[PDB]
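Presented as structure tokens, the chain that follows is alone, the form deposited in one PDB entry.
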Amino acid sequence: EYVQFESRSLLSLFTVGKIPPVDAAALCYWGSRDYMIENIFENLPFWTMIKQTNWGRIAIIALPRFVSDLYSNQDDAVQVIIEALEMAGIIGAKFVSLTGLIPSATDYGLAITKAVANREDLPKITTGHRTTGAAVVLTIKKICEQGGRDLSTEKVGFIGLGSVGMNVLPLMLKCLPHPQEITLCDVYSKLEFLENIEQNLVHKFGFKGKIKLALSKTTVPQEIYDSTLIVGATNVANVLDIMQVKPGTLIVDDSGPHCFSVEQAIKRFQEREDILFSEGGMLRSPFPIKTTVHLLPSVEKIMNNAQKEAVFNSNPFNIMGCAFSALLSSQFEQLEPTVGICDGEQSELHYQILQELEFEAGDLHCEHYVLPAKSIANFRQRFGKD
């Protein structure tokens, strides 16, 4: 109903006026190889989806590279981003979001902004980490509501304090009830960094509860397993043993790839129903989103599997916060685009606007698995607080 496929090229349809221009854009990537890049991707960006929301249209554009291709050569990645930016500006995008690990790979956009120093015709870029942080805070709120708990009585543990983590933590303290304990986990080198936040926690952000610091290589410290609400924003994967966390624990994670075994989490939740876990960066629009989908005609035949036609069954209300950032920056002057390591306290302005438009976090789900409402209720009955 809300998803419709298109056999004809979206770019060609736009050039002849058959589809209207978009207001924003989002750049994503894929998951022999050279044959796929030059003869399938053709070293060219691909406009694959259009997301019609109640506040504008964002175009989804996939780069002709993989994540490894992005980490291999930064200049090449910046070049393909510049080409996709030219495409987005031509098709009407006023802002372009860097989804996934594109910010982490390209100096959080700064390198890109160097290559655009010459050009002003190109559209503005944004890492979207402030809207992603607002989405993660909305997910904290939602997972507390679904679990029948309140954030004031929770022990919160952070496993990743990157851009997204440094956007979620102060916004959590500012727009949600303060927990009673906060633990900060990152690699050893970040020690001083964590202590800086520690100061900011007690004196700047105004946290009164206990503050703990913990360091790790690839095995999260047990202090996290002693926490009751876990917030993951780590780029490393599978550092959290989901089968070792205490019962009644709530998990919110924006990491992609995730920091815990997805399948083991699904399995524990299906067997015992003693945990809650969900994505962090997913927003739920109050109105359904009309998604126009154009598959690559080549891969249309290898993905002709009716199961691969599951985008026809995706949630019409869900949208990525990082991708929605471009549309937000286009529709609201006050939501300035984020490139590089920004302050992260202006995420409130995004959290404000998202609440103003009656946005909320997407229903509790992790990748392909949506947590069943009755299992959610069973958890909320077994581990809720009165």
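In this text, residue numbers run from 1 along the sequence as written. Definition used throughout: the rigid core is the maximal C-alpha set that superposes within 1.5 Å between two forms.
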query: Other entries omitting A77, at least a third; finding: no
query: Test item: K308 lacks coordinates in at least a third of other entries; finding: yes
query: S32 preceded by how many uncoordinated deposited residues after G31; finding: 4 to 9
query: Of 196-204 and 134-142, the stretch whose C-alpha atoms average the higher B-factor in the entry; finding: 196-204
query: Comparing 75-83 with 297-305, the one whose average Cα B-factor in the PDB entry is higher; finding: 297-305
query: Highest-ranked of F317, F332, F41, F324 once sorted by CA temperature factor in the record; finding: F41
query: Highest-ranked of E181, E273, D253, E223 once sorted by CA temperature factor in the record; finding: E223
query: Ranked C-alpha temperature factor of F158 among modelled chain residues, by third; finding: middle
query: Ranked C-alpha temperature factor of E360 among modelled chain residues, by third; finding: lowest
query: Modelled-residue ranking by C-alpha temperature factor, third containing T249; finding: lowest
query: CA B-factor placement of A93, once the chain's modelled residues are sorted into thirds; finding: lowest
query: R268 - which third its CA temperature factor falls in, relative to the rest of the chain; finding: middle
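This protein has a second form, the form deposited with a small molecule bound, left out of what is shown; the following refers to that one.
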{"query": "Sole residue of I159, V156, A88, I140 within 4.5 Å of the small molecule in the entry with it bound, by heavy atom", "finding": "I159"}
{"query": "Interface residue in the entry with it bound among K210, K246, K308, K217, criterion: non-hydrogen atom within 4.5 angstroms of the small molecule", "finding": "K217"}
{"query": "The small molecule contact in the entry with it bound: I61, any heavy atom under 4.5 Å", "finding": "no"}
{"query": "Interface membership of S255, the small molecule in the entry with it bound, 4.5 Å heavy atom rule", "finding": "yes"}
{"query": "Non-hydrogen atom contact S163 with the small molecule in the entry with it bound at 4.5 angstroms", "finding": "yes"}
{"query": "Close approach of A361 to the small molecule in the entry with it bound, 4.5 Å, heavy atom", "finding": "no"}
{"query": "One stretch from 92-100, 78-86, 267-275, 311-319 that, in the entry with it bound, holds residues within 4.5 Å of the small molecule by heavy atom", "finding": "92-100"}
{"query": "Position with Cα shift of 2 Å or more, rigid core superposed between the shown form and the other one, options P286, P247, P297, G206", "finding": "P297"}
{"query": "Flag for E309, CA shift 2 Å or larger between the shown form and the other one after aligning core", "finding": "yes"}
{"query": "Per-residue C-alpha change between the shown form and the other one, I40, threshold 2 Å, rigid core fit", "finding": "yes"}
